[PDB]
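Presented as structure tokens, the chain that follows is alone, the form deposited in one PDB entry.
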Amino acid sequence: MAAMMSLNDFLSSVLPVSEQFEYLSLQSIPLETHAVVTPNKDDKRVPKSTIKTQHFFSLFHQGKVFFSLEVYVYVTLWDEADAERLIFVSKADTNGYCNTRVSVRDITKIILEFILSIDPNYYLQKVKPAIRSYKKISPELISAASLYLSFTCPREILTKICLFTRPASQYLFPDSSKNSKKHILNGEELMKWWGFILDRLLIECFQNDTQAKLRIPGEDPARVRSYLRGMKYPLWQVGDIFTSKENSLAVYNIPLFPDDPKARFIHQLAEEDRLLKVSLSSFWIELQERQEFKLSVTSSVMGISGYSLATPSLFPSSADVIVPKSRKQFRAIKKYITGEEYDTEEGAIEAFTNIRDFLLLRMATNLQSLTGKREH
């Protein structure tokens, strides 16, 4: 954290010179959650705790939202000296209501790099417990006469990035594909768009001994390998970061993320009682063969696993992030973006005006403004 420290610093460095933008950086209160990967009974170490935090970002220009990004950070604790973090990139989207040229690719990369700079201890200082104790008072006692957990871990811990590329008309902006200015990448372009972002993350932010993995489920590895040849990070391989013998059973290896085609298919296997039957190999085949084919669309899975070049030591300021007091408040603010109709620019205007009004009135806070620094 030497040149660029703030989320303001990071966004500004990739946004066009002298142009003005605003951002929403919204964050849930960290909470205890189920392990990312289902534990096996016959394993010698099960996580002490798994802590999950959502970062939701929205970028604005000229009083209109135009981009949003939803990311989940999981800190998995095995002991005091033994921990891992994983950044799951869940949904990125645009609505086409921006009248200036920006690189959404670079905005997306730079956001993840801000996130990579956060000390995992930031999420561990105040954590909502998975099980809360309550004493409930029966109304019978009224007459006519009347806790957060905390943890620590090392700053420099094993860092994972996971994402599933799959194009759609929209993920965060309903009916935005009705906007003729919205630019939708096809599956192949989108896989390349994310592979470019990850390649730069590896080169700018990770040590040279880092695992970098790409698979295209149900497809022969010969296609994957050819593409990887153009990467600048020297250690990309075909496959994933889940591999190895927790047994070959998919359920004890596949991570389970919100709204992810994985989890969705593990859940179908659960309903079919086949969790103790399907190997990782059959998994990737049936994922495509039985579930993902209906989308008629090129999809890929990408994983990174390794150590950051610089020790993450940022605790985001109130400028960097807004953490609502409440889960209801988090949800109401996010829904001003995600519950809007974007078939006209009026949806992009209304999202901005509702968000800024909510923040000002309920939380005495503004959207942050940015002046771009990148020349052409």
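Sequential numbering from 1, following the sequence displayed. Throughout, rigid core stands for the largest set of C-alpha atoms superposing within 1.5 Å between the two forms.
Missing here is the form deposited in another entry; even so, the following discussion is about that form.
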When the rigid core of both forms is overlaid, which of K245, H183, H267, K277 is the one whose C-alpha moves 2 angstroms or more between the shown form and the other one? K245
2 Å or more on the CA of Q291 between the shown form and the other one, with the rigid core superposed, yes or no? yes
Compare the position of the CA of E219 between the shown form and the other one after a rigid core fit and state whether the shift reaches 2 Å. yes
Closer or farther in the other entry, the Cα atoms of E341 and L295, when the shift from this form is 3 Å or more: farther
Look at the CA atoms of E246 and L256: state whether they lie closer or farther apart in the other entry than in this form, given a difference of 3 Å or more. farther
